[PDB]
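First, one chain by itself in structure tokens, the form deposited in one PDB entry.
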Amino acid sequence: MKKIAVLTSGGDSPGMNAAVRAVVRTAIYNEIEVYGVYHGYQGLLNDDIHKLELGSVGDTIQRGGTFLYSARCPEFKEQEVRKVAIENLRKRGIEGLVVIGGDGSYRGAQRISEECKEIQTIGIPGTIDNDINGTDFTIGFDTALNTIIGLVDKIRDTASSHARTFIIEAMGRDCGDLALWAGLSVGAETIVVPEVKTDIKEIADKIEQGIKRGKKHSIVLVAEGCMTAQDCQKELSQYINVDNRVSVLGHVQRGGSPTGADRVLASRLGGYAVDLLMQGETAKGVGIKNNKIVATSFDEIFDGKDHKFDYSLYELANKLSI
């Protein structure tokens, strides 16, 4: 394991920079040369590959986004195209590739490893969504959670004293975790997520009761994976009079400096990735499961869903809002 490359792929997630830093510094500590691939898999195809030194990652742990950049590279689904990426790595003597991103990014990594036995690949779970098999938390989830709290606070702090209902749309893709943790965190009356069947009539009856008791500044928090905040508002207005602030929090949830949870998680997983490469491992995603740092094969990562939405935490939220 003499040369490693590292790349960031998919949407930004706070802590990507910290993960790159840990890969680069850990590599060099172990006398491994490390190359940064810029613009995700696009850079891999364009040969936008450059040697990194200790100082290339200075002043990065606190930075949001990714100093390598990212792209969407849909042509990487094609085998012929991946051949060029594999040649750009191999001509450089690269023996290991670390990919930081979500589930889609991992698929690129699996293909590489299948199509070139000479390159070991390791995935690091850089996404806000919390939706990667075999890690309990992804790098960025904790940051995104606090970002949502802060955004909610500003919406309410800047609103009319008389606004009764804030319908706020959270990210998460197909996973309701962000909406659930954020909802509980801000004291939401209602949480709308793809894992629970949404009962509009119940939700509006709750709004209306509280509006009847003079309750102001109530919040419905909505995972984008279930519906948009505007559709929620439109659907509620089929029972009750309501539209008081539809808010789409949007891509800012991906921005901003990672929290300490994310910095530390990123750091542990970036170093572990390099350890695994040195140990001969391949085709695994790294994570934290039951408070242990672990590696799971991409096959198992993609074989199912690998554990439930926490319905009991959903229930606790609803109990606390009563």
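All residue numbers refer to positions in the sequence shown, first residue = 1. Throughout, rigid core stands for the largest set of C-alpha atoms superposing within 1.5 Å between the two forms.
Keep in mind that the form deposited in another entry is missing from the display, and what follows is about it.
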| query | finding |
| --- | --- |
| Residue among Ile240, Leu249, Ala159, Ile86 with C-alpha shift of 2 Å or more between the shown form and the other one, core superposed | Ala159 |
| Core-aligned CA displacement of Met227 at least 2 Å between the shown form and the other one | no |
| Post core alignment: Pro194 C-alpha displaced by 2 Å or more between the shown form and the other one | no |
| Large Cα move at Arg111 between the shown form and the other one, threshold 2 Å, rigid core | no |
| Closer or farther: C-alpha pair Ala179/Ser160 in the other form, relative to this form, given a change of 3 Å or more | closer |
| Closer or farther in the other form: C-alpha pair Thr147, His217 (3 angstroms or more) | farther |
